[PDB]
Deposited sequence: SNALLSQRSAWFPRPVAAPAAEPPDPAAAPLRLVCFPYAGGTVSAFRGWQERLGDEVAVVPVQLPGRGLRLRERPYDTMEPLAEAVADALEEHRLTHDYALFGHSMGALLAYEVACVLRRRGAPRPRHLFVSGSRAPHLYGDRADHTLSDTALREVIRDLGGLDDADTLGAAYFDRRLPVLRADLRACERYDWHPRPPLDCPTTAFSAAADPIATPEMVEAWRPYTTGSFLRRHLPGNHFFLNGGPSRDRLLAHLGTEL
């Protein structure tokens, strides 16, 4: 129709230099995940935030390297890397699930080292840190661990089915840092925190996500999204998460 012309396609984008970016958003994947979980994010947030996803060792082009199964050496390796590339200034942290727990721990570790503190902390699909330890799913078989991820919405793809087998070590090593973790009591963070729950998620229920509140002194908001533990892959709530991020950034 003359009234409703179809919009012209957005011209392909030159992504900002993480050095030359007003803000940098440091993104942590879920257990068994890679940097592809944050495919498309740069486009959806614009040019005032450079999206810098973190690829842990044991996956992608780091398949030959050994994955960590212990949370604090990992958190310490991560902070080393950040300090070694001047990212710990005008920056914030996103983590989903294991990435959330990992995000928090790296936050603490940069405080102890007296690194310039973060602007914001985002955590989705993750219970409060003190609540981590009771599950032991990294000790399962494969078919059990497959079905657990399936019932949480992690794999239905069938391409994924292929990639699942291959990344089982790295999953197990990711999940072990979450279940052998027990929260060393420590003070609260001064930065502001935003936590995302999902309605169809058992592993991060509202009350569990609510439990993050006393983990910080600054402003705390719990947004509540629809969908499951794995909403982040695609759908209406991945879109909403991204829009909420855009408002606080």
* Structure fact -> Stretches of the deposited sequence lacking C-alpha coordinates, in sequence order, are 1 to 8, 165 to 166
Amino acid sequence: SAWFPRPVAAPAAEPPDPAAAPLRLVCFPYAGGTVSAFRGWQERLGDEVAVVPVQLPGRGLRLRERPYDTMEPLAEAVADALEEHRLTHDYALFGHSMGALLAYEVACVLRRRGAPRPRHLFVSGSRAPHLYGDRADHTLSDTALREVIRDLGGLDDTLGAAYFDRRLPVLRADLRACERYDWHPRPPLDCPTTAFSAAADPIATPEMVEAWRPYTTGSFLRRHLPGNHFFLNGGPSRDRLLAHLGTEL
From here on, numbers count along this sequence of modelled residues.
* **Between 168 to 176 and 134 to 142 (mean CA B-factor, as deposited), the higher** => 134 to 142
* On average, are the C-alpha B-factors higher in 30 to 38 or in 187 to 195? -> 187 to 195
* Asked: Per the coordinate record, which of the options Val209, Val52, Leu61, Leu56 holds the highest CA temperature factor?
  -> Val209
* Asked: C-alpha B factor of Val109, ranked within the chain: lowest, middle or highest third?
  -> middle
* Structure fact -> Tertile call for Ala13 (CA temperature factor, within chain, third-based) is the highest
* Asked: Mind checking which third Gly95 falls in for C-alpha B-factor across the chain?
  -> lowest
* How does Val123 rank on Cα B-factor within its chain, lowest, middle or highest third? -> lowest
* Quick one: classify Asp182 as lowest, middle or highest third of the chain based on its Cα B-factor. => highest
